[PDB]
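Trainee: as a preliminary step, the opening chains of the complex are given here in situ:
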Amino acid sequence: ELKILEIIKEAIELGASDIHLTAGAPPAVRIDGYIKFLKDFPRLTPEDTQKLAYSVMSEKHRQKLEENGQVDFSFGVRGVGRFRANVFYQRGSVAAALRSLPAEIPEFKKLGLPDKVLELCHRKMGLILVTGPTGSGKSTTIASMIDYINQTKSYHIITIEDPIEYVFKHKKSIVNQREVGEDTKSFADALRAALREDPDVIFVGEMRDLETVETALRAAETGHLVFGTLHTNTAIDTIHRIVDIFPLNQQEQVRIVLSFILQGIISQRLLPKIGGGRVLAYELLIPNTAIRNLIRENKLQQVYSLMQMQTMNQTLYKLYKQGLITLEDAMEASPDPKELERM
Amino acid sequence: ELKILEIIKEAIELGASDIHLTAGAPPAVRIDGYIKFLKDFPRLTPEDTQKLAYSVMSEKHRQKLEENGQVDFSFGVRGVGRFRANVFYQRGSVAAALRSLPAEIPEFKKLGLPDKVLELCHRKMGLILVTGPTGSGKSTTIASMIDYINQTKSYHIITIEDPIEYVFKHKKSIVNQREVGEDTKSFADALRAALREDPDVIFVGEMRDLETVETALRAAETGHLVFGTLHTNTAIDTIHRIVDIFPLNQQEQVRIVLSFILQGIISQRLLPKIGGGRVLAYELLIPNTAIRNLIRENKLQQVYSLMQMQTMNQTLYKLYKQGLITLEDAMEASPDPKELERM
């Protein structure tokens, strides 16, 4: 009757995006964006959604569900695909929310980026940051480039994700992915060991934290490709905001190292298309022998002057004049209202 | 003799609004708005009201009762209903004050609002703030609209309350409520996870804090209905006061986003009626294609001009001329003495 394994069964049979559990009702599934209860067999679930979720979570999580009130992880049913969970305490009762998790990475061209980006995958070392606010598909972007490298290069790529969003497959390069919580205790020692595990390209999952950044750099400056990601909105925001988490005693010193090992900043945002709702906008900065010196000498909005690689607003004008995004959706995601409408 | 469970017994038997404990007397109950001690059995309670309260509170509260001098939570006697507590140190001694939390939800019509409000519940996304000073029944209002959605729409509503005022019941939508203190550590991470728990409508319980607001927006502008609530008195106060908690570096940029994802502001206040004392007054602003542009260009009391959706004073004239509120109770709650009495 009430076996998680079998509520997933009727979830992808009904062609589902999500499953949702709660105490007072029977198991629910989202189809299309409307929610229907498949009372079909699962009954109005007891207080013992407890037992159901508990059966998916490792020991490491069912501890963490007591410390805080929620956990965020990913498990696989070898039967179908892998999922992304989120168990949480509700009204003294347990409840979860399982998503579908992409099985194919998308090929790089369908993304809507130039090739001077794909070109970054050919570097020998440095930082490649892919910033952007949650649900801007930065993983989607990363996943692409990394895979491109997976096929193209004889490499040993290593990713320290939270959680593993895409599974990588087996080509020319050999790919270790380490989910946090599951397979390491923290981004901290997870990276720090990565640095000894003899890697080619390292993917520091998120750089929230001073110590992470620290080595993430120390790793890029030392023979490896370091793909980082963040939550800043523009290029010059990013490179402010990573230097802003240092003690300013030496703060300068990073700006310099950064203006040698910075190899690409790509801020992103996902928008509603005129068609099927799927279109991406971006700002793109790949440092050339010129831009380097600017950053060295702190002179930043002097780099904003020099962006024409390509500003954010600029990739909205080139997007709206082709009739893909509304004159009102893009005067919304755009940092500066001023730098367009003139266009 | 002195069992909490049994003091609640004689509390709803006597038909009570409140129970009150203190050290120097016996257990007290409010009936009607006068307080009588049911010395009936409970004796002049010792210093060990300690034991009585201690028996209701989770570990999480009896810690917090040491950090500060008080705690604010809610527990349930399945035997009758649920209650709202408030244990607090007094004169080196313990004391509490238990209310009855309600047991429906009122149907939206009994409230005294128009249906252009209830229409908000049909939006696809955005902010709907329901401001108003404590004991103006903003949870009451909320609870209504949310429940309206609970029945009408096939939805996954999530609320992050403090405390849970109304329990939601089980219809077309599936409803998680998360009491803070009890089920999460802070409005902060409680929301921040809600954003992952695949929600349709989110209810950020109060918007006191810069970081809360931040995501509350970021969630509205991204496909969800975000009900907020505050303590401001008029519409233009609200939309000043949320922008006023930002750093003005970018302050402008919120005003804009706000004039696209603002979908309704409803300030409220509760007044004494000529009959049973129960009548509500409100100010109502639902942005149309015109009002949008005003807020975009900072031009605010130009929206005050344009209010006739409907001003506060205005919903006092239409209230007193029908003979429900006194000429002196409403020149009291009204922001501006000027804009009436002329009427």
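Mentor: The structure has been received and is ready for your questions. Numbers count the residues shown, from 1 in each chain, chains lettered A, B, ... in the order given.
Trainee: what's stretch A:261-268 in contact with?
Mentor: A:113, A:117, A:120, A:123, A:125-132, A:136-138, A:141, A:217, A:220-221, A:232-235, A:237-239, A:280-287, A:295, A:312 (CB atoms under 8 Å, 6 or more residues apart in numbering or on different chains). Heads up, the C-betas are built off the backbone N, CA and C, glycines and all.
Trainee: selecting buried members of the residues you listed in PyMOL, what would you type?
Mentor: With 16 or more other CB atoms under 10 Å in any protein chain shown as the criterion, this PyMOL line picks the buried residues out of the contacts of stretch A:261-268:
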select buried, chain A and resi 113+117+120+125+126+127+128+129+130+131+132+136+137+138+141+217+220+221+232+233+234+235+237+238+239+280+281+282+283+284+285+286+287+295+312
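Trainee: which of the contacts of stretch A:261-268 fall within helices?
Mentor: A:117, A:138, A:141, A:217, A:220, A:235, A:237-239, A:295 (DSSP state H).
Trainee: in chain A, which strand is the longest?
Mentor: strand A:262-271 (DSSP state E).
Trainee: what about the strands in the stretch 201-343 of chain A?
Mentor: A:201-204, A:225-228, A:262-271, A:279-285 (DSSP state E, counting those that start in this stretch).
Trainee: contacting residues around the first one?
Mentor: The contact list for strand A:201-204 (CB under 8 Å, 6+ apart) reads A:142, A:146, A:149, A:155-161, A:187, A:191, A:194-195, A:212, A:216, A:219, A:224-229.
Trainee: next one: the second one
Mentor: Contacting residues not belonging to strand A:225-228 are listed as A:123-130, A:142, A:145-146, A:200-204, A:207, A:213, A:216-217, A:219-220 [CB under 8 Å, 6+ apart].
Trainee: pairing partners for it, with directions?
Mentor: strand A:126-129 (parallel), strand A:201-204 (parallel) (DSSP bridges).
Trainee: tell me the phi and psi of residue A:82?
Mentor: Per-residue torsions, residue A:82: phi -120, psi 150 (degrees, to the nearest 10).
Trainee: tally of neighbours for it?
Mentor: Residue A:82 has 18 neighbours, counted by other CB atoms under 10 Å in any protein chain shown.
Trainee: for it, which non-adjacent residue is closest in space?
Mentor: Leaving out its chain neighbours, the residue that sits closest to residue A:82 by CB to CB, 6 or more residues apart in numbering or on different chains is residue A:76, at 4.0 Å.
Trainee: what is the burial count for the nearest residue in space to residue A:220 that is not next to it in sequence?
Mentor: Nearest non-adjacent residue to residue A:220, counting by CB to CB, 6+ apart: residue A:226, 3.8 Å away. By the criterion of other CB under 10 Å, residue A:226 has 26 neighbours.
Trainee: swap in residue A:145?
Mentor: 24.
Trainee: again, but for residue A:38
Mentor: Residue A:38, neighbours per other CB under 10 Å, totals 18.
Trainee: need the residues of chain A near chain B, please.
Mentor: A:18, A:20, A:22, A:24-25, A:28, A:30, A:34-37, A:68-70, A:72, A:86, A:88-92, A:95, A:97, A:99, A:133-135, A:328, A:331-332, A:335, A:337 (CB under 8 Å from any CB of the partner chain).
Trainee: which ones among those map onto helices?
Mentor: A:331-332.
Trainee: can you turn the buried part of the residues of chain A next to chain B into a PyMOL selection?
Mentor: Selection of buried members from these for PyMOL, criterion 16+ other CB under 10 Å:
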select buried, chain A and resi 18+20+22+24+25+28+30+35+37+68+69+70+72+86+88+89+90+91+95+97+99+133+331+332+335
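Trainee: pick out the residue closest to the middle of chain A.
Mentor: Centroid check for chain A by CA atoms, centre = their mean gives residue A:139 as the closest residue, at 3.4 Å.
Trainee: and the residue nearest to that residue when sequence neighbours are not counted, helix, strand or coil?
Mentor: Nearest non-adjacent residue to residue A:139, counting by CB to CB, 6+ apart: residue A:165, 4.2 Å away. Three-state assignment for residue A:165 (DSSP: H, G, I helix; E, B strand; the rest coil): coil.
Trainee: go ahead and add chain C:
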Amino acid sequence: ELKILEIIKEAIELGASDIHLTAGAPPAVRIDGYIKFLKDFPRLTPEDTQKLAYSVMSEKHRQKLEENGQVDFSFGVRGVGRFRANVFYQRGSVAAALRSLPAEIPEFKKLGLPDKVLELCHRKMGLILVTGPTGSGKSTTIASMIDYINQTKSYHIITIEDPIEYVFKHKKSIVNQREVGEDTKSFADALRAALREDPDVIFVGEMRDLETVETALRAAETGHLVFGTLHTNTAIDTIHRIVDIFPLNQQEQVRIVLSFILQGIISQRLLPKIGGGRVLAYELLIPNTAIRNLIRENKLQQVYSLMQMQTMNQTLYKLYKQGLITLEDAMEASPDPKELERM
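Mentor: To build on what is shown above, here is chain C added in:
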């Protein structure tokens, strides 16, 4: 079939720097800095790389691999040498990465370099850069020359390593080795103090960082032998790439200093031999009274013209025509395909 002992067998036979296991593929080995799967016998390894690594680790480690998600240790196969392991949890699965500890120091002749190199050890001061990609034995090279000086000269040598690869023994010279992490906080202050500790020969461990380079120079130009090492591939790459990490305000000024204190650049790579897999290829530039002026006046590929001390491709033709490396392994490691095959 799947015996660790025998995957090491085929690892040093093919002439390997590293072995790498993972779940979704067959055992991998790095040769030269490219990764190839010897599907030869070991099959697409199961989830039971578990069993393989488990067979190397003491009890003390297989405990620690549960506490954290990784462990870093060292075991010996008495059959060959000793290794450096790093087992770590990956995607719910085990994985490892074994390197190759020589703990001997090899006598300089077995290396396969001329004596005009060994002659550098007789200089009074300058930079001696030993560039080359990970697993090209640059420490092996270094260690040699340093030891040669250890026995030959009455000196105080000091190395700032990460980690200490070879232990130096006690002869005519007195040898301090400073492991980073263990015995100092950073290459930064570790060097910076080495400059006061009265040294004869200083070995700056890697030159990733603008400040390191700075002093590493300032030390060479002031009475000491400064052995540096990098990750560049050819000579002219090296001397671009260290000047490239300076601000170009003065950038010129290093090129000059460099064309006085540059004493030898030796780029390296390790290749699979026709016999036991152990053969090294190199490019060699020891500046004479002529080459100095060229670098002074920026004129670089004019030095490339003047290399015949000896080009990289050149040390592949003199290697393949003797029948030690394949016509296809060396048209792989070679920077330029053009400058050979004609030969």
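Trainee: please re-evaluate the neighbour count of residue A:82 in the presence of chain C.
Mentor: Neighbours of residue A:82 (other CB under 10 Å): 19.
Trainee: which residues touch it?
Mentor: A:74-76, A:101, A:103, A:164, A:167.
Trainee: from the residues you listed, which are also near chain C?
Mentor: A:76, A:164, A:167.
Trainee: tell me the one of these nearest chain B?
Mentor: residue A:164 (15.2 Å; CB to the nearest CB).
Trainee: excluding chain neighbours, what is closest to the closest one?
Mentor: The nearest residue in space to residue A:164 (CB to CB, 6+ apart) is residue A:179, at 4.8 Å.
Trainee: so how far is residue A:234 from residue A:132?
Mentor: 10 Å (CB to CB, to the nearest Å).
Trainee: can you check residue A:339 too?
Mentor: For residue A:339 relative to residue A:234 (CB to CB), the value is 12 Å.
Trainee: rewinding a little: so who does the residue nearest to residue A:164 touch?
Mentor: Counted by CB under 8 Å, 6+ apart, residue A:179 has contacts A:73-74, A:161-164, C:91-92.
Trainee: how about stretch A:260-277: buried residues?
Mentor: So for stretch A:260-277, counting by 16+ other CB under 10 Å, buried means A:260-271.
Trainee: kindly report the same for stretch A:213-226.
Mentor: For stretch A:213-226, by 16+ other CB under 10 Å, it's A:213, A:215-226.
Trainee: start and end of stretch A:165-179, how far apart?
Mentor: 9 Å (CA to CA, to the nearest Å).
Trainee: list the buried residues in it.
Mentor: Neighbour counts over stretch A:165-179 (16+ other CB under 10 Å) mark A:165-168, A:171, A:173-179 as buried.
Trainee: then stretch A:139-157?
Mentor: Under 16+ other CB under 10 Å, the buried positions of stretch A:139-157 are A:139-150, A:153-157.
Trainee: how about the strands of the stretch 51-200 of chain A, start to end?
Mentor: Counting by DSSP E, counting those that start in this stretch, the strands of the stretch 51-200 of chain A are A:74-76, A:82-84, A:88-89, A:94-95, A:97-101, A:126-129, A:156-161, A:174-179.
Trainee: the second one pairs with which strands, parallel or anti?
Mentor: Listed by DSSP bridges, the sheet partners of strand A:82-84 and their directions read strand A:74-76 (antiparallel), strand A:97-101 (antiparallel).
Trainee: measure residue A:259 to residue A:289 for me?
Mentor: Residue A:259 is 11 Å from residue A:289, by CB to CB.
Trainee: out of these two, which sits in the busier spot?
Mentor: Set residue A:259 next to residue A:289 and count neighbours by other CB under 10 Å: residue A:259 wins out with 21 against 8.
Trainee: the residue nearest to residue A:79 when sequence neighbours are not counted: what secondary structure?
Mentor: For residue A:79, ignoring the flanking residues on the chain, the nearest one in space by CB to CB, 6+ apart is residue A:5 at 7.4 Å. At residue A:5 the chain is in helix, as set by three-state DSSP.
Trainee: please tell me how far residue A:5 sits from residue A:55.
Mentor: Distance from residue A:5 to residue A:55, by CB to CB: 9 Å.
Trainee: hang on, the earlier thing: just the buried residues of stretch A:213-226 that are near chain C?
Mentor: Checking those against chain C (CB under 8 Å from any CB), the matches are A:218, A:221-223.
Trainee: out of those residues, who's nearest residue C:63?
Mentor: Nearest to residue C:63 among these, counting by CB to CB, is residue A:218 at 29.5 Å.
Trainee: okay if I get the strands of the stretch 51-200 of chain A as CSV plus distance to residue C:51?
Mentor: As requested, these are exported to CSV (distance: least, CB to CB, whole Å):
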stretch, distance to residue C:51
strand A:74-76, 22
strand A:82-84, 25
strand A:88-89, 37
strand A:94-95, 36
strand A:97-101, 29
strand A:126-129, 37
strand A:156-161, 22
strand A:174-179, 18
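Trainee: can you list the residues of chain A near chain C?
Mentor: So chain A meets chain C at A:76, A:124-125, A:154-156, A:164, A:167, A:169-170, A:172-179, A:182-185, A:189-190, A:193, A:196-198, A:218, A:221-223, A:253, A:256-257, A:260, A:293, A:296-297 (CB under 8 Å from any CB).
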